[PDB]
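Notes for the one structure printed next.
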Amino acid sequence: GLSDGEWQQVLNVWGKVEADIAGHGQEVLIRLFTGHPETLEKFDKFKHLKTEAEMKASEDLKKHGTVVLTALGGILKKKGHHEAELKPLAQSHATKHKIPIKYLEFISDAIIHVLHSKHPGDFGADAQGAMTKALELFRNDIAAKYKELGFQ
Ligand code: HEM
């Protein structure tokens, strides 16, 4: 649960991402894959990437980065009222993609890391706090749907 002040911070930070959604998306996925190589194995269409240079050079990775952050942004702009938007993602990721909730924790922290890296000194303590809470909320609501489905 976030206050409106906190949501304001979230959407303020998100403005940074929207100025370059493909660059942000790309770096988020790269941070995930290199930080946690087991995550790469969940992607049939990225599993061929061995090196970060191949990752960086991959237009399809940047494309998927755009898809992921576009979806996350749509969810964030709902300010918590995201049941309709979130349920199909929860379903596809539990039943089709088989993504454990741990990997959602991974990509959450990766987003935090990328924002600091691309906006050093421009991502303040209050902004980090708000973003972290938003991603926890996202993750927690997914987790509820995972439990429903009996998925680990
Ligand atoms: C902020 C977190 C995430 C968002 C917003 C997100 C969103 C999406 C969307 C919109 C799609 C395409 C439609 C669909 O299949 O439902 C997708 C596909 C997919 N996602 Fe996620 N996702 C997230 C996290 C993750 C993580 C952490 C993993 C694995 C470590 C993952 C693995 C996959 C895979 C394997 C596909 C299908 C890729 C393909 O073959 O095209 N996702 N995701």
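All residue numbers in this chain count up from 1 along the given sequence. We count ligands from 1, going down the list as the structure has it; atoms in each ligand are counted the same way. Atom set for the values below is all heavy atoms of this structure, side chains included, hydrogens, waters and symmetry mates excluded.
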Exercise. Do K133 and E6 sit within salt-bridge range, that is, some charged N less than 4.0 Å from a carboxylate O?
Worked result: yes
Seminar exercise, completed: Heavy-atom nearest pair, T34 first then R31, reads OG1-O, 3.5 Å
Exercise. Counting only heavy atoms not in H82, do more than 12 sit closer than 6.0 Å to its NE2 atom?
Worked result: yes
Exercise. Of all the non-hydrogen atoms in the protein, which one sits nearest to atom 39 (C) of ligand 1, and at what distance?
Worked result: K45 CE, 4.0 Å
Exercise. Do any heavy atoms of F138 fall under 4.0 Å from ligand 1?
Worked result: yes
Problem set entry | Salt bridge present between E27 and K118 (N-O < 4.0 angstrom) | yes
Problem set entry | Contact atoms of ligand 1, heavy-atom distance to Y103 under 4.0 Å | 27 (C), 30 (C)
For this session: Check each atom of ligand 1 against the heavy atoms of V67 and keep those under 4.0 Å away; list them by number with element.
Result: 10 (C)
For this session: Identify, for atom 35 (C) of ligand 1, the protein heavy atom at the shortest distance, and state residue, atom and that distance.
Result: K42 O, 3.1 Å
For this session: Evaluate the ring planes of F43 and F33, with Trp represented by its six-membered ring, and classify them as parallel (under 30°), tilted (30 to 60°) or perpendicular (over 60°).
Result: perpendicular
Problem set entry | Exercise: do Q128 and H116 side chains pair donor with acceptor under 3.5 Å | yes
For this session: Could you find the nearest protein heavy atom to atom 34 (C) of ligand 1 and give me its residue, atom name and distance?
Result: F43 CE2, 3.4 Å
Exercise. Within the structure, does at least one protein heavy atom fall under 4.0 Å of atom 10 (C) of ligand 1?
Worked result: yes
For this session: Show which atoms of ligand 1 fall inside a sub-4.0 Å distance from at least one heavy-atom site of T39.
Result: 30 (C)
For this session: Give the residue, atom name and distance (to 0.1 Å) of the protein heavy atom nearest atom 38 (C) of ligand 1.
Result: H64 CE1, 4.0 Å
Exercise. Quick one: do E38 and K102 make a salt bridge, cutoff under 4.0 Å?
Worked result: no
Exercise. Looking only at protein heavy atoms, which one is nearest to atom 24 (C) of ligand 1, and how far off is it?
Worked result: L104 CD2, 3.7 Å
Problem set entry | Minimal non-hydrogen separation, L137 against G80, with atom names | CD2-CA, 4.1 Å
Seminar exercise, completed: Note: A127 and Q9 closest approach over all heavy atoms is N-OE1, 3.2 Å
For this session: Using 2.8 Å as the cut-off, note every protein N, O or S atom close to atom 21 (Fe) of ligand 1.
Result: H93 NE2
Exercise. Is the shortest heavy-atom distance from the side chain of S108 to the side chain of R139 under 4.5 Å?
Worked result: yes
Problem set entry | Sidechain N-carboxylate O distance under 4.0 Å for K16, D122 | yes
